[PDB]
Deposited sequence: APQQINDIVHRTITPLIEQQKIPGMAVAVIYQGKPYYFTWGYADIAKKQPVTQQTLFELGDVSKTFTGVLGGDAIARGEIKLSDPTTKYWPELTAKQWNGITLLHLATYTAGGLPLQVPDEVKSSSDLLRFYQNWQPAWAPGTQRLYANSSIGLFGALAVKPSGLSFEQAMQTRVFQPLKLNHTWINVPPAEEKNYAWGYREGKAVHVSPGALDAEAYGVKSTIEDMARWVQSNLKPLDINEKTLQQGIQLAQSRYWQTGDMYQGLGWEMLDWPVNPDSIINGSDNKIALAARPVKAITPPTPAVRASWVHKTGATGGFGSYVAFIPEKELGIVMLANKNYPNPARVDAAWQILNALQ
């Protein structure tokens, strides 16, 4: 890579790895549209397997960007509308609190306080219906944002119903395959296990466990090369040939709600660029202001998403107007501020 990129990346990431005791890390910088890769350490400490450009990391919450784009593609296909009531796609959801809750509210965490986590005891389709029927909102819809897997997770499940495909099949056929993300998985096949890094939590090797709506909210695994391709696709959607997918990417970067200096998209979150770091813990309820109608994707934006699983920490950020982006994948869930600080240091140096 150009020495400037080599230097800012190494001078920023080496210290990060040391301070946070990260076992293994991969980084991709997209500069002027081209990807540059960097890897350090171990994918599997016990078996002494190094992190490579083919290593699979759990993306955690970054998976929501794929869910938001798949939803956008379904909107573009005319299969669903964000203005539709949740009950149009799940008629069995008869409890009264659901009146007025639309797919937009599920997708943007504004339904009225759906919880962060779907309880472990909820597994079957019947258990899930019971959970949502029993949930009591704290607030009216479209008034406060509370980040939640049970919210965008339900959005993903309902968004694919008209397609007649399972969520995984829809994601594979409509998003992964068209974009050539051939080493991106919701379920890691046996043939690919050799490349699946272990996550580390309190020194123990761990992988994410199965859970309801996991694929939709936090279950994608990918390589640094495929993630760089995902960032390229989101930086320049017009280069995408599939019409509804190009549109869906654009819809996911639209600004639907504002809380402070941040705007909520479908999966993606955005701030106006230029932006400094301090503007960029268990439950944070914030009032939201509707952007009526949503602002189409703004090129001069810091678009990003952080993600974690018990043993992994991920971060993705890009600035469309500058054709610049970064992906940071690690097999330890370390503090979010440290991720954002490093990403900003690298991208700010590059322009």
*What ranges of the deposited sequence are left out of this structure?*
281 to 287
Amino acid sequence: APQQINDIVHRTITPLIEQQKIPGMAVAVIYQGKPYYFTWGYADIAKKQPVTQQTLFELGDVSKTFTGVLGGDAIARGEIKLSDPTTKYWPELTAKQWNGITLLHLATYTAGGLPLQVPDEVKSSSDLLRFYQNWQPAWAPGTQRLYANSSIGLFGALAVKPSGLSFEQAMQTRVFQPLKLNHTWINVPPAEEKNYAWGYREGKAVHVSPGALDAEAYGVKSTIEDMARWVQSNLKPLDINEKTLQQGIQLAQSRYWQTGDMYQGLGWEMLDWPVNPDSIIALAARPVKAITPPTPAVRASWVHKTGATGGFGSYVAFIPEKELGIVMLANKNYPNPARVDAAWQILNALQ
From here on, numbers count along this sequence of modelled residues.
_120 to 128 versus 225 to 233 - which carries the larger mean C-alpha B factor in the record_ = 120 to 128
*If you average the Cα B factors in the entry, which is higher, 78 to 86 or 149 to 157?*
78 to 86
*Highest Cα B-factor in the deposition, which of 105, 255, 243, 183?*
243
*Report the option among 164, 113, 72, 199 whose CA atom has the maximum B-factor in the deposited record.*
164
_Please say which third, lowest, middle or highest, residue 288 falls into when its CA temperature factor is compared across its chain._
middle
*Taking the values exactly as deposited, rank residue 32 by C-alpha B-factor within its chain and report the matching third: lowest, middle or highest.*
highest
*Which third of the chain does residue 269 land in by C-alpha B-factor: lowest, middle or highest?*
lowest
*Can you tell me which third, lowest, middle or highest, the CA B-factor of residue 333 falls into for its chain?*
middle
*Classify residue 56 as lowest, middle or highest third according to the C-alpha B-factor given in the PDB entry, relative to its own chain.*
lowest
